[PDB]
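Remarks on the structure that follows.
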Amino acid sequence: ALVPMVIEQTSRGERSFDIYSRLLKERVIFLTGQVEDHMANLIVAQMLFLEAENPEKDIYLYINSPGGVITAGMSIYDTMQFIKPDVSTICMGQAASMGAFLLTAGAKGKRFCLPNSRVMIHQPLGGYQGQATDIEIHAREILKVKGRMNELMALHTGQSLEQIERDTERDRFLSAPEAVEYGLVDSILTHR
Amino acid sequence: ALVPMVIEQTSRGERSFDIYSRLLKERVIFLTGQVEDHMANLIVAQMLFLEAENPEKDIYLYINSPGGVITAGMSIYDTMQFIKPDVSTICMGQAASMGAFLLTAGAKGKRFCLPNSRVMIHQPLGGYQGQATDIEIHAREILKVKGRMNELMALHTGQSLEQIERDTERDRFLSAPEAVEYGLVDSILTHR
Amino acid sequence: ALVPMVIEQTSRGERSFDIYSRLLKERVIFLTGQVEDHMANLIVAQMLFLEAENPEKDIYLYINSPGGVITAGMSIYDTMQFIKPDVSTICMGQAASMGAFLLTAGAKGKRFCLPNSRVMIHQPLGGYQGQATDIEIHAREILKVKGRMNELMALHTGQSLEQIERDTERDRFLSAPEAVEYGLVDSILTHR
Amino acid sequence: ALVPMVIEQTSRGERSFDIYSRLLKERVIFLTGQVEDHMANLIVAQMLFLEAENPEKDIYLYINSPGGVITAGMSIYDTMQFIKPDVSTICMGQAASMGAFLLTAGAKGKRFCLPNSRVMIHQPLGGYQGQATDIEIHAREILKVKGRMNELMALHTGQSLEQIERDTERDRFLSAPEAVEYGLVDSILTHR
Amino acid sequence: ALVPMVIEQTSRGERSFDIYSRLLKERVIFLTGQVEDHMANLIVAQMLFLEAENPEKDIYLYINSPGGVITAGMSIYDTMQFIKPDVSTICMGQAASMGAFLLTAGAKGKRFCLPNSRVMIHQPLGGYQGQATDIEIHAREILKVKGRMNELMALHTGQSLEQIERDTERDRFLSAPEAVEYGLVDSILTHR
Amino acid sequence: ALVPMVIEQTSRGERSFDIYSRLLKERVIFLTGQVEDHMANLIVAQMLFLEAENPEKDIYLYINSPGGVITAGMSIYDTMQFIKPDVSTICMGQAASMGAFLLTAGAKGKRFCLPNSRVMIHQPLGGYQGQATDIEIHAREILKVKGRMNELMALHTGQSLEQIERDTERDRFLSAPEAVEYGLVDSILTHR
Amino acid sequence: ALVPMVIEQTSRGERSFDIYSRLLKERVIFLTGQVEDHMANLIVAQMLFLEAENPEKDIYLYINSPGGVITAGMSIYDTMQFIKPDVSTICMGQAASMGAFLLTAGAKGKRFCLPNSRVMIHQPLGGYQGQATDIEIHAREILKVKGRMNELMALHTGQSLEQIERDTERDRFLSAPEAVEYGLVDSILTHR
Amino acid sequence: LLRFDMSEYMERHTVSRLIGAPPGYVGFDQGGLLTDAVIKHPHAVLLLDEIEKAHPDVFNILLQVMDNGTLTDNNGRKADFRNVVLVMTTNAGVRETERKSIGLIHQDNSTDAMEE
Amino acid sequence: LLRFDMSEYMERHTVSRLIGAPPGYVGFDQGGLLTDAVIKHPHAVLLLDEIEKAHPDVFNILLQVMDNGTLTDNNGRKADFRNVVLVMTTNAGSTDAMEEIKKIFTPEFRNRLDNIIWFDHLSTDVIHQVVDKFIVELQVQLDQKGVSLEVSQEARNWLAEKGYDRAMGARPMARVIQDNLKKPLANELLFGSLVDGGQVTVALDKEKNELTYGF
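First to last, the sequence lines map onto chains A, B, C, D, E, F, G, H and I. If you want this note's numbering, it's the 1-based position in the first sequence plus 2. If you want this note's numbering, it's the 1-based position in the second sequence plus 2. If you want this note's numbering, it's the 1-based position in the third sequence plus 2. If you want this note's numbering, it's the 1-based position in the fourth sequence plus 2. If you want this note's numbering, it's the 1-based position in the fifth sequence plus 2. If you want this note's numbering, it's the 1-based position in the sixth sequence plus 2. If you want this note's numbering, it's the 1-based position in the seventh sequence plus 2. If you want this note's numbering, it's the 1-based position in the eighth sequence plus 1. If you want this note's numbering, it's the 1-based position in the ninth sequence plus 752.
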């Protein structure tokens, strides 16, 4: 019983799903844990599935994650931007690193966050071992990524690019009210 | 058969389910083991589900746990405060550290613990490795969390803030009658 | 078939359940292995279920275990006292340490044990590492627990508290006839 | 297909059964592999379930296993003694140590073994580490167990007690014809 | 899809089967991998089932295995001799060690093999650590087993006992035509 | 519930399918993780299955992978070229190494990648240990593969062969706009 | 869905199948990964099942494998030759070592291979530790196997025996067009 | 207008209602609704509502009235449909045009312009 | 008024029970239950209880009736519903009430309803009014038998509080009034301690809450 079952009444009186398929039906997707490749692949499939069911309605994405792989996380980012309905992102627990990046990528005006949550941002990490010639190739690529990530942060948050660059030099922690003032989220949820 | 099946009759019958799904149906949620992200996420999915099923009825949360990750635990805390129905928390076995924190977060007047249980509280733990500059950043963040956790304890228990600070410097153990007097719980359940 | 299936005729008939679900339906619960936190939690879920199925009928608990975590064991103990119907405990194989404790907690007059079984009692174990200040904090808590366990033994067995105090100094082994004489069980089952 | 499926005609089926459930329905229980604590409870559950359907019908317990925990297959002994039917214990492969202990415990006149089987009997094993005081306590308990197991062998085999003590000091192996002469079994099956 | 499904039609039709159960229905049993204790136990159950479905028809046993435990292999042997219908053993791939002794144990005249198969026979292995007294006891038992296996080989193959003992001193490999000449099998299957 | 279930409505409806089978029905196949042997084998089975369902409709392959084994990847490649309907490949996340070769092999005019994706290409890797004679044989074979892979890149992209060889000496990273200019993809998808 | 589900259309309806059972029905068997006993045991079961279904129709075997155990591979070989319908083998990805051996064993005129595949052939490997006497016995057996495998290669390919013996001394790699000239396959598939 | 509602024939048991029970069966001497209606009113419009709800084997009766013009009752008398206009109605192919494909690139999904 | 309990039509074979079996099938000559009733009483009120439990096939029977006013009997006769009114009751509840009935009453069905009438929970004033009605009916019977009965206010409050259940509404009231008031009185009247010309006033005993009276 790692995942409980729930029963609902439908046209024939009964359907029996788990504790997650039942919520997908209510257009809720959860993103938790490390942003890897298999997990990201599943989230994209779920978002495409919901768009087709009803292109006019919002999709709710709950975020609680420590970070992850950028490449994996750029899928999802591009899907959220490609598909038609708004994706509203809600931060609970934490949104760190790549998690914070996806949090701000939600539809404008719909970037919420619970009151005791934390958001943390920083420049990307990486590394390489090899010949001096190969080291240069790999060093250049990580720097281009750093630059691209900074532009997207500035675009979504409204901060100037230079301000974004200064703020990601070292781990920056923001409390929920600070995320609102900074521009990572639009508001704090209080009570239903 | 790690988890047994149970049978119930309604209209036409059948519809057999597991021992935990059967209790979720009775708006009962259990929280055991360490508090971490994958588990905390499930506790939240269950609470969102039950709210949707019936916004006016109480949700019962059983708490038996040694502690855990604060971030994961805070996502549980905020959901409990956000949703509409009251959450009544019941302590059996132990509620230590983060477990104790969530226990006192239940609806006022509805925080109950069994007579041979134990509650233990303490200041948060953490750590870090890095440059002196990074050490400063991370040390500041843990101290801010300590401060916030103490404010919430004072709010929920009725103790002054200074009294809460003194009491969490070293592990503090409370017996069920002590938890009632201190203000962590409202009462001790005895017999049905 | 790690666990075999059984078939039972009722009304419609057929209805094939598990070898353990068939017994849960017969208000039979088995307790085995070490007493921990994940397993003890299931024992409690089963007792609450049976209590809600029919508050007027007994629950039979079959005990065969070497010991366990005191905290996990206490959540079982308190449920067994809270719920309305009597729990009749039966000792087969062995009941040692915490297992012995739960055995004597059954309803008075309904504590049985098979003739070649063994029961063993001893003092509570524990430990700690840290500053001299923390060592004194943890040492006092284990001693309080020891005192509480002795009082419950005296309550359930009829022995004076001092007699219990002496008999728990070192491991003490009792044969089924000694369990009856001592007061841990009321009787020995023999033949159908 | 670790375990194959079988079909049989009853009333309005069909109805498939596990390669092992199909045989439980034929009042045949297999005891194979080393006697543990989890496997022993499953054997006990099957015997009670077989004593609930029809108490006036023999239960066959095929036994092929090299021994195990004494105090956990000394709870499959007490369930056989106690139930209403007769448990006729056939032999195959090997019955060693505790396995050879349960084989002789079957209904008198119904203990059978196949011709190329082997039965081996011996003195019980154990051990301990600790203070000289604790060593004494544990040594006494194992000796008490040894004495009790010898009494039961003498009872079930017809040998004098002294003969049983001499014969178990060191491992003794018996061929199927010797098991018959010694009295561990009543007869040898050959061909249908 | 480690194991594929197949379907068949009879009366109502459907009958969706795991491919191995589909063949059990055709009185075909496979023996592969090491001859252990759990696997042998399952083969015996299958043979008893087939002998109870139709006592007058042959049961084919397909053998492809490197060897295994003698004790487990012997329960398979005794069951084949006990049950009424002939058991025809076919061997494709290899039949080595215990896998070759059971290959010759099939019904006389029905011991066909493969054209590119290999059969290997050898003296049994074992070992022991302990006091000189215990070593003697165990040495005697393995020698008794060796003697018994030689008798059965001579019985089933038609070779004299002395010839069997000489030929098992060291591993002996036989090609399919040699197995036929030696008397391990009756014939070689070629093309349908 | 690692993978959610969805409900589809049609002539009869009530068709409960996994989040991945539901998409296979939409002629959508995903390629993620390393290009191994078992995974490639499964993709081929799906493409052959779709070709038979409707030879006149396109198949969409979603690519997000770091690379893998060339041999396994070539079986996917050859199938794509053999079957009748066009295969349209979409790159997201990353298409590196063999993933990049699998991307450009799609139908001309239908190779598309999302704007924040990355494509990386490089010469084959390999190795060997053995006698100087064996080393030569193995070295020659890897060089033949390098030559063949370069011919296919030139064929599908329009670059001259000499240009392809120079560009695959060391890891080369291309952003989505460069992949388009270079000729690995035909276009960039942006917003629906 | 590690393995996806598909739906077909027969006289009744539904009929849901795995991404592999559906193809078994079309008389398609896949051989992938390393050859060993359990996998080699399942393929034989499938080929026998298909012959019975319809003795007058071809069976298609898709091969993609690095090699494996000869014994296991030979039971597949013999079944292919024994059964009545032609078995047509198709090489995709690679066919090395034992894989190549089985590839050429298909029905004459029906041995195909995809354009970018690779076939590799070599003399058998093995080894032994023990007394000089045992070493001799095992060395002789491996040499007999080498001789037999060479005869079968010459038989199926049309090459003289001397030519096969020279060619397999060191790993020999062949491209799809060379496999055709050599005679391992009859032709290359290109486009439908 | 002769009108029949196919939702009343959802089980392989409502066919005798249309043509009559066999000789020796409790309902034998009643006749049969479809053949009696057609015999009495040879020039008519025959409507079968929601013909996607009849048990599928009921179609096998129509498959004998559409080709040859006749249906035989349980007395061997024949209904003659040559002057009857037959109309069947259904919404069977509808729920196949109300959806979009799932993916980044759209298809057509109109050929199943309900051949399904 | 014609009444049917739809909980008796939960199983598939019961659908023909309402209309009548096809000819040649057991029981066809017994007729149906619904179609004969509407032939015999064409102007009646038709009430279907708990229509949120019937087997889905009966809904096709209902859709046909609501759509055109008629059903055909297994003897070929027409059941003409043009003069009857159809009332169906449900515990389905508006969106949820809708989904629970809608599940079978899909839009294709709901569009055939003329209305939905909603029935409210009882207030405390109503449960007192309901008790007054029950008491009055007893008072009338007693006057006919020559006995005057008056129930005190503390007696009325208790009965209203006791015979009302939020989960059963006013249904339990029938037994609460009968068992506490009618029964004890019936015993005395028949025995003859209380006779024509008698009077009883019913008060509560504060420590028992029994209805106590005599003459």
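Heads up, the beta-carbon is just placed ideally off N, CA and C, and yes, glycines get one too.
The beta carbon of E:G35 is closer than 7 angstroms to those of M41 and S67 in its chain, skipping five residues each way along the sequence.
Listed along the chain, the chain B residues whose CB falls inside 9 angstroms of the CB of A:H193 are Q83, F84, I85 and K86.
The Cβ atoms of G:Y79 and G:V30 do not sit closer than 9 angstroms to each other. Under DSSP, I:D832 takes part in a beta bridge, and its partners are I:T822. Within the same chain, Cβ atoms closer than 8 angstroms to the Cβ of A:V182 are found at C115, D188, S189 and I190, the five residues on either side in sequence being excluded.
Counting only runs that start and end inside the segment 830-883 of chain I, the beta strand (DSSP E) elements of at least 3 residues fall at 830-832 and 837-840. When Cβ-Cβ separations below 9 angstroms define contact, A:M7 makes contact with chain B.
Residues of chain A whose Cβ lies closer than 8 angstroms to the Cβ of F:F32 are, in chain order, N43 and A47. Listed along chain E are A3, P6 and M7, each with a C-beta nearer than 7 angstroms to that of G:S23. Not a single C-beta of chain F is nearer than 9 angstroms to the C-beta of A:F175. Contacts with chain B at 9 angstroms (Cβ-Cβ) do not include A:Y130. When 7 angstroms is used as the limit between beta carbons, B:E58 is near no residue of chain A, the shortest such separation being about 13 angstroms. A Cβ of chain B is located within less than 9 angstroms of the beta carbon of A:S67. When beta bridges are read from the DSSP output, G:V30 appears opposite G:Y62. Beyond the five residues adjoining it in sequence on each side, G:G75 comes within less than 7 angstroms, by CB distance, of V37, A42, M100, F103 and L104 in the same chain, given in chain order. Using a C-beta cut-off of 8 angstroms, the segment 52-62 of chain D makes contact with the segment 87-94 of chain D, since at least three inter-stretch Cβ pairs fall below that distance. Cβ proximity to chain H below 8 angstroms picks out nothing from the segment 849-880 of chain I. For B:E55, the enclosing alpha helix (DSSP H) begins and ends at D39 to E55. Contact of D:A74 with chain C is assigned, a C-beta pair being separated by under 9 angstroms. DSSP, read as helix, strand or coil, puts D:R120 in strand.
For D:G95, the uninterrupted beta strand (DSSP E) run begins and ends at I92 to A98, by DSSP. The Cβ-Cβ distance between H:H42 and H:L3 falls below 9 angstroms. Under the DSSP assignment, A:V5 falls outside any alpha helix (DSSP H); it carries neither an H nor an E label.
Among the residues of the segment 158-175 of chain C, those with a Cβ less than 7 angstroms away from any Cβ of chain D are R172, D173 and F175, in the order of the chain. With contacts defined as CB atoms closer than 9 angstroms, I:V903 and I:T953 qualify as a contacting pair.
In this structure E:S119 is buried. Its beta-carbon is surrounded by 16 or more other beta-carbon atoms within 10 angstroms.
At a cut-off of 9 angstroms between beta-carbon atoms, B:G15 makes contact with chain C. By the neighbour-count criterion, in which a residue is buried when 16 or more other Cβ atoms sit within 10 angstroms of its Cβ, C:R194 is exposed. Contact of C:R113 with chain D is not assigned, every C-beta pair being separated by 9 angstroms or more. A Cβ-Cβ contact shorter than 9 angstroms links D:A47 with C:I21. Contacts with chain G at 9 angstroms (Cβ-Cβ) do not include E:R29. At a cut-off of 9 angstroms between C-beta atoms, F:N118 counts as an interface residue with respect to chain A. Close partners of F:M155 in chain A (Cβ separation under 8 angstroms) are lacking, with about 19 angstroms as the shortest Cβ gap. In the DSSP assignment, the residues bridged to I:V954 are I:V903. Here the segment 128-138 of chain G does not lie against the segment 11-18 of chain H, with fewer than 3 beta-carbon pairs under 8 angstroms apart.
Annotation: the continuous beta strand (DSSP E) that includes H:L49 extends over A45 to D50.
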